[PDB]
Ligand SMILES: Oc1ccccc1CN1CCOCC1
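Below, in structure tokens: the form solved without this ligand, a single chain.
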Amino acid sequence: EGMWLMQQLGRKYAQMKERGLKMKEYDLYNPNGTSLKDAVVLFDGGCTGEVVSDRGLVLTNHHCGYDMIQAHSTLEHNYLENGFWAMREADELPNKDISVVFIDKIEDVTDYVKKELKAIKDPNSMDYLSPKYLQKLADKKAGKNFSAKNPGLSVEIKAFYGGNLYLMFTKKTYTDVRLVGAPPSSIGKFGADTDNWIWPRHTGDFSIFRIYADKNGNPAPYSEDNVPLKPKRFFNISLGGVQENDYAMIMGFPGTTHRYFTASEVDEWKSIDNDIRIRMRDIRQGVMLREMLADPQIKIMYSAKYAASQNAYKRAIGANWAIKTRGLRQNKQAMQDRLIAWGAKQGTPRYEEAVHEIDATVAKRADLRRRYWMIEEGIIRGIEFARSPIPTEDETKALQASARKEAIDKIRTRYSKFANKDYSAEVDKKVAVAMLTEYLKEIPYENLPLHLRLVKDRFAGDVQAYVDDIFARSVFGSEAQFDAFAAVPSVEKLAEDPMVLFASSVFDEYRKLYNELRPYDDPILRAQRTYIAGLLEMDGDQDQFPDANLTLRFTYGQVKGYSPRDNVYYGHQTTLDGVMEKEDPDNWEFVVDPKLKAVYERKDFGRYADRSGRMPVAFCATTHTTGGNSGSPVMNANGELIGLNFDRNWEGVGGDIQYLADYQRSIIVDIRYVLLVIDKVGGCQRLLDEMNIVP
């Protein structure tokens, strides 16, 4: 049910042993020694990874290493489509802008931070959550020049439980992290966007990297003189596999949760955030899909844009399903009524006042929040010409010296990036007509961005005519129209350009709404500090975990399937047979790698198949994970690596607010399948030899 701080291992250890944990507490997390925690990394700021060899080999997801695979791919050596297998350490590819972060030490600095905060003065100060204020406290505690005295190390203080607990982390960051191996995208991204958030799942979502360091194993930027890191801890790989009900645990960096939402915040998340995102993206997606199905060239240009819109659309559908069917609002209401009754009994009304402040703030900002989501989903992300070029102040106060040619060249560059190889003005006009029709139905005239008032005033309510006029008269409406402008440019032409005026008006309204809504966050945040302090004082810090905040957490559970609906069961494990069932040669998402299809036909599974002779692919577990946990190590009762977390089923996306024991699962790639791919698909035996594979 939770995402526990490493400090909370002591408090959860007995229950973990009762559930099947076999390892000693300090072998998993030792606060003043080496433990399994030292083999877990924050991979490139937004993923988890794990060290799996005494020479710094790192496993993470294929979707986590995707950008590094794509950046090294060319027409001659397309690593993204065929995979990549460095047959020697010297062939491993360096990556620019990459990092791996180790959590060297974790310290409770609550008393220190709370004492420092007493010197504020303004009781409503937000310094208690400010990264700048907390960094000043971290630097004061670690010492003026800590990083010079301790190379590779840095300190950081974060707030937890809404400001009721503070932890200081001593981090060790390595920036020379090289690409070692990756399966073809047909394996790494098998279901592609069709199987996103889906269980059963058949995706071998893994990639392999290596941490390089100086001669003393200290962090160093890329240098041909760097040598592999010899880590103090790395995971052993288990080949014992998994069975239904086996104990499983994860360590990783979950990004965000909202476990302490009030019932009013759940209602707002549903009726504003989710319903608007669902409604607006369903309109955008429908027009886009119609156009992609009618023209194969439009399908190529808009596939990525369509997939990018669908991902959070599906998440919002899954989240709304939990709100509707799993009683999220009711359980938050019961949580807050229980605190209010307890507070009345203690003679302390501050908890009821805090819940009241959150409800009143949520109620006050509703119309503004609705207008913000409507414009952001409807126009800012909904219509491509909303992000068309807007002449800067430096460009207009240059057009009206011969820096006129310099202003036009910069405007041309931005026009070329807007009307790129994947942009269709015809597809965009059709999407805009549908999006704006919905937006104008929902947003009243007095709340419209200035230019959109012209639909009623100038175009007699004709949305199609308004959009047609924007393109017919705009300098960014076509290449010929831009070139005619570029030959005789004037600031007067730009000032009255219908596309410039649209883009400017909608961005102006978007920024105005953001600025008016931003002050409402602070009273909610301050009242949450009181609210969570009351919940902790009442029911204790053991059942209620602190919200995720991109810090190292552990979660535990079992390898277990679930029933998604009446008379349907999805088991705990998928097999290579399921990959073959899904094969579709005329669907790029479900193409099966020929080497993998051959391995399946010959049953060349070696030591990786289960006792039945079937080849495992993926499994699911009752662990509590969220975005940030991609690539997390999945451990046995013995702490051995049994898989990598790579996704979570859509039925459990509401788990960020309330864990759903009967539906929510972590989707994990079986480590036996990872080794099978390295071995029979990549032929990279050296990686198998450097890992410590236990029977």
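Counting begins at 1, following the sequence as shown.
Not pictured, yet referred to below: the form deposited with this ligand bound.
In the deposited complex, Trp588 approaches this ligand with a heavy atom inside 4.5 Å. Interface membership of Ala366, defined by any non-hydrogen atom within 4.5 Å of this ligand in the deposited complex, is confirmed. Heavy atoms of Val491 never reach within 4.5 Å of this ligand in the deposited complex, leaving it off the interface.
Contact annotation: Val227 falls outside 4.5 Å of this ligand in the deposited complex, judged by heavy atom distances. Although this ligand is omitted here, in the deposited complex none of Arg412, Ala480 and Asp483 has a heavy atom within 4.5 Å of it. Between this ligand and the residues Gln528, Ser186, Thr257, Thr622, the one pair within 4.5 Å by heavy atoms in the deposited complex involves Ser186.
Proximity to this ligand in the deposited complex, taken as a non-hydrogen atom within 4.5 angstroms, holds for one residue of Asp394, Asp111, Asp122, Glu81, which is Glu81. Figure note: of the listed segments 134-142, 483-491, 366-374, 342-350, the one touching this ligand in the deposited complex, with heavy atoms no more than 4.5 Å away, is 366-374.
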